[PDB]
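A single chain, nothing else alongside it, follows as structure tokens in the form solved without the DNA.
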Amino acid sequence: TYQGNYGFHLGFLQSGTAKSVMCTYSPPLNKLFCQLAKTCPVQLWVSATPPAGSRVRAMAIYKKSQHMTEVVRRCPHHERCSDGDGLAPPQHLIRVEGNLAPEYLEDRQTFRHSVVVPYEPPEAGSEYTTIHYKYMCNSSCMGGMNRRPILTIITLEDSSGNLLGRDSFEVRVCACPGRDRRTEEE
């Protein structure tokens, strides 16, 4: 995490450990629990607007340093699951929704996957800018994350890739998010 010259940091809609809820954020754990394939409106905040060309990248990494050096990718199952949108490659975990200019990358050196989008200042009347994400594999998929916790890294970079700000949050993709938030909230 690191707010830069722009005060870059993330924001989340408070939903509640209720039921029928498909996505809820836990301020205490700073962890998100969401159902697979459902939209998560994460917010972007800044005290100054980034220069034009600045982008927003979303990468998933493993929380525990023992698995730190392993690329997070969908499990052999979901990988062979026809549930694409026409943009995201079948092997990516984090997809973006709503944006018409998302870019799906794979670092040539680290092999890590990411989704980058153009940074856009908040629309009139809002104080923050939204980006709808989705996870396409459950935390409990064998071959996949396999019960291993992950952390979503959201970085604000300039047109040329330079880091301009970074923030993160742990995430859990489950069928029972609400329950899992409270029965973990402790």
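Residue numbers here begin at 1 and follow the sequence given.
* Would 62-70 or 130-138 have the larger average of its C-alpha temperature factors, as given in the entry? -> Here the higher of the two C-alpha B-factor means belongs to 62-70.
* 163-171 versus 10-18 - which carries the larger mean C-alpha B factor in the record -> That would be 10-18.
* Peak C-alpha temperature factor (PDB record), options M145, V117, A52, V46 -> Of the options given, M145 has the highest CA B-factor in the PDB entry.
* Using the B-factors in the PDB entry, rank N99's C-alpha atom against the chain and give the third, lowest, middle or highest. => CA B-factor rank for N99: highest third.
* Would the CA B-factor of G125 place it in the lowest, middle or highest third of its chain? -> According to the entry, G125 has a C-alpha B-factor in the chain's highest third.
* To do: Quick one: classify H78 as lowest, middle or highest third of the chain based on its Cα B-factor.
  => Middle third by C-alpha B-factor.
* Asked: For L29, does the deposited CA B-factor place it in the lowest, middle or highest third of the chain?
  -> Its C-alpha B-factor belongs to the highest third of this chain's values.
The form solved in complex with the DNA is left out here; the points below concern that form.
* Applying a 4.5 Å heavy atom distance criterion, does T129 contact the DNA in the deposited bound form? -> No - in the deposited bound form, heavy atoms of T129 and the DNA never come within 4.5 Å of each other.
* Asked: Is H9 one of the residues lying within 4.5 Å of the DNA in the deposited bound form, judged by heavy atom distances?
  -> Taking the distances in the deposited bound form, the answer for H9 is no, it never comes within 4.5 Å of the DNA.
* Counting only non-hydrogen atoms and a 4.5 angstroms cut-off, does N138 reach the DNA in the deposited bound form? -> Output for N138 is yes: heavy atoms within 4.5 Å of the DNA.
* **Close approach of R147 to the DNA in the deposited bound form, 4.5 Å, heavy atom** => Within the cut-off, so yes.
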